[PDB]
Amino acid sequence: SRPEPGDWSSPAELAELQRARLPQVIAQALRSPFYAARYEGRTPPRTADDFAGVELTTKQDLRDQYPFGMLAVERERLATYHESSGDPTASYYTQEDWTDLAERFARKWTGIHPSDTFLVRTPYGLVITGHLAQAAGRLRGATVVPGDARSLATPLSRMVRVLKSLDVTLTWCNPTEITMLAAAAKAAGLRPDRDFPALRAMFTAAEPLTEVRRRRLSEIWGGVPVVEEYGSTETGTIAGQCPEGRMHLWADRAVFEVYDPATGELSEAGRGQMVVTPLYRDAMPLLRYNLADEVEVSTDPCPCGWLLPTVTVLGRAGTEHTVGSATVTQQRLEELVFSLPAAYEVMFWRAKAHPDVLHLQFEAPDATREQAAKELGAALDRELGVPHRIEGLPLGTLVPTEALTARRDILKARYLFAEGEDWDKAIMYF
């Protein structure tokens, strides 16, 4: 029996749903070999109050336990198994676990309905991402279109066609992919801001995503809401956006805490690394898993009325470089790039922080490329004051045009060829 919004009236009430669940979570976690060995020969936690002294679990811990070190149920109870790479990180779930995952993804403020046609444009190979959105789509009755991603069967040009031919109403993909699909739509002679009348909402992740960029993504696609969530390949969705544009931690389904690496202290709000304890996760229990994302958590109430804290994802701990006498983050640079007028059509850029200089490149059309570079330079002088070298690049330099238009199909392996057929197509990959 999982709680849903409305089942609590104040922060105190929500904190009690969390505490009444903690002993079940601790006792379940102690059944995995990892926690069993961590507390071997020691007194283990049992009570909601024992939770305050529990040591963090790191991403390195999960890697060290490949494949089933974190398993707390018999394999017969497992529904799916997943991996993410970067030394694989294994995760797995019962079917009851999957109901919690599906409901957390389905908490989209735009809703998901049977009248929806939901294009799932994230990978299905080993990682949970595509499966999660598909599970959520099926839970709410939406028509799921499995686009996959990084799949030779489904290049951008084909997704563009499917978006229009099937009157897709909801999409799921990362924010960089939202601009890739837009670049691909234009290469097909389609306009993302008006030629897709059925599209009503685009779901996406905190790739760290600034509000500047998020609103530009919406405007590229004609003003449709871009609904951001925060999650990881190991946890599924842990926060989702409200209509007021804030991301609310799903604290009715996990205990969230903020970790300070210098002091070693855990805190309920403030700035630090995101630490999570899922409450409905029997197969692979996690006690204070440190996602190692730099976040800021606030308990201020939001005008949307959802009585849950909110979170800002400021990046992965360490993505802060120095040039001249100042700190340069990807987030701050991203704001300046996507503060350029939409008419410049600057979507794709990259930068390298040298000790003496920030090297930034972007591709843009000929008409506005020079003035985009001077304006971006002046924005850097104004906002960061760091020395810089900016190069406007021809279109297709960072994002090849072929990638936007290439068609490619899965063809059945062939062994006997006729004259006029290239038998080099028998050369096998994958």
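Each residue number is its position in the shown sequence, starting from 1.
- Where coordinates are absent for parts of the deposited sequence, a chain break appears; between neighbours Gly318 and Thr319 there is no such break.
- Remark: stretch with higher mean C-alpha B factor among 251-259 and 330-338 is 251-259.
- On average the C-alpha atoms of 303-311 have higher B-factors than those of the other stretch, with 146-154 and 303-311 being the two compared.
- Annotation for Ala48, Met70, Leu393, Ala373: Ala48 ranks highest, by Cα B-factor.
- Taking only the listed residues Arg104, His82, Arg271, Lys164, the entry reports the highest CA temperature factor at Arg271.
- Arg369: CA B factor in the lowest third of modelled residues in this chain (values from the PDB entry).
- When the modelled residues of the chain are ordered by their C-alpha B factor, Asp381 lands in the middle third.
- In the deposited entry, the Cα temperature factor of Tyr280 places it in the highest third of its chain's modelled residues.
- Residue-level temperature factors show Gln361 in the lowest third of its chain, judged at the C-alpha atom.
- When the modelled residues of the chain are ordered by their C-alpha B factor, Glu244 lands in the highest third.
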